[PDB]
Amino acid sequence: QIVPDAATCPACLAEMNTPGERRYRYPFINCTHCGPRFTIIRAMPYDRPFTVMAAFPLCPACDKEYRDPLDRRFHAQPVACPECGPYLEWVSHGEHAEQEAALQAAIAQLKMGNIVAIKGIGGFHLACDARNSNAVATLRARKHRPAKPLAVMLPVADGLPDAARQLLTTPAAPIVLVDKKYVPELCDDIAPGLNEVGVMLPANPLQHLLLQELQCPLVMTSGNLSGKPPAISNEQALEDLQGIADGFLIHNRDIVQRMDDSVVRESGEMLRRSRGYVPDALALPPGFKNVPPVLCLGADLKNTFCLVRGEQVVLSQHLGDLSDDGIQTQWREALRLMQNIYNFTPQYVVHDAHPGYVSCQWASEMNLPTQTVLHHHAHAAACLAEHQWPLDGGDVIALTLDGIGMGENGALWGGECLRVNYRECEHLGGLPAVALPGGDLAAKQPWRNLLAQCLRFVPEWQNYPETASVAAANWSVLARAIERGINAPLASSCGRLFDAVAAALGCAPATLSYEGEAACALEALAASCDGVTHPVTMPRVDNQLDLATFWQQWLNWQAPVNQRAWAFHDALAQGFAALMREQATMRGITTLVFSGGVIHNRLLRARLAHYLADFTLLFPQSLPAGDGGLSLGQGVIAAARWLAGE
């Protein structure tokens, strides 16, 4: 079996740090228990000739170890030493170095506050001293990344909570989100406006060498360009990062698969599932057996595909945005190797119901029967599957909160109450559908959503201080477009409602630099409030939330901004809980499901759980609540359909 890429083990670390060992300070040390796996395999079987390491014939000493059944490096396929293996290369504006001198040049650059691109297991990172305000500002400037939080690598996990240390030190070695109070060494520009920082430990030998020497936290963020697939070759990294890195610490061992760092919360909640988890399979729920080979294409954003067969499923790594130029290359390579590893040939392909998706174009090219699943149905089913809900387990009431997904009859959904089982999805109610003014711009400029909300629900909205910048603009042209339905489609979007509230509070830039920025800012603000007595509500009118009442109460409830933010989360949670309670109780349903990327909001989850203690509650945990989990949901629905003989 092939296991996921694994953090350097204690024994290899000990060996690398022992003067006199053949592998002393050798940056590519590995053994049967650790090192790259998926990222170095060209084809099955797992054997050196079909790995990236085929072009580095073993010296006699390595060969003896590789062939000795009692040795820790027995059949360690990518094993090497300084005499036979890959080596470091340093490149910086006409300067060049190799091996230990390459490492030392990179260290000198980091110490001096410069930015260096570093080759990792699954791509390249950009690094700098995370304490150094100037370096971090320069990185942000050069990368055109004014706000999005930066991952940091710490030399050790000392001082972090037990739960965080546990996760950090696993073979998966994920980025773990922790409260920034635990890491005071980090400059304020690491995660501005947020309450958490993503921290990670060195997990390959080169990272251990660097952190051992540097003894300080380092930014360790992905080395790519917005809109472009990440580099896995030296040549692409050199091209992509030329304006950004001051120098390049690279090497001649090929990476053949894109494999980003995984991201989890200290709580264990999975956000991004890549390095260290892929290509591990997962068991399907009770009742799923003898399932035909189904390829599930997942979603256009934060993509993963799924292979379903028999009684198991295997998810791909994070493959990013499918609309990005040239992203299909890494996607197809991932699919090639996954199919090879599992001897898998699909007989069916499942994809999203949105006819405009890139994935839905790709599906049309496969010469296989195709079928669709509604976006929000797949979110709900993915949560059911992770909780091992049996095939015949019965209906649940589901709350699916996100940005936008296509619902029934071409409606744009994003804040819905649904009656759900693996075969069926009935829409019951939710947020009212409100125009997205300027289409794609509405996710980029929170004020557009505040305008759309005000036009629908707020008498004399121009008179409120919250709406001042919108009021001062010639907003009437946009209001005319909205009335005429010109690039202003209606969407019942929970993400856009967050943005409207963030716009009203002023807690985000007028134009965002990354998706979800306003929502995360609003949550971070609300989280600093420990709870408050407040009059804000979202009453139920028929099967929808009454946002006219909400805005009237919220706009007229003056309080510190953190309390206003908290009141919004609390009112939204109470309103959705009342809708779900009515729908479930009158259907004899005792279990509620929650999914969609908005459910990554910890405060909203906490308030929902507070209001719904009279039900069994299922929240996502080992798979992302957002689009990274979508393909699993598609897979279980397709399987359930097939098992019913549909």
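One-based numbering along the sequence shown.
When the mean C-alpha temperature factors of 506-514 and 452-460 are read from the deposited coordinates, 506-514 comes out higher. Comparing the deposited coordinates for 153-161 and 364-372, the stretch with the larger average C-alpha B-factor is 364-372. For the set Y611, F594, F50, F615, the PDB entry puts the maximum C-alpha B factor at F50.
Per the deposited record, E239 carries the highest C-alpha B-factor of all listed residues (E311, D179, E239, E523). The deposited CA B-factor of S492 belongs to the lowest third of values across its chain. The deposited CA B-factor of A584 belongs to the lowest third of values across its chain. When the CA B factors of the chain's modelled residues are split into thirds, the value for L603 lands in the middle one. Placement of the Cα temperature factor of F38 within the chain: middle third of the modelled residues, per the deposited record. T304 sits in the lowest third of its chain by CA B factor, as recorded in the PDB entry.
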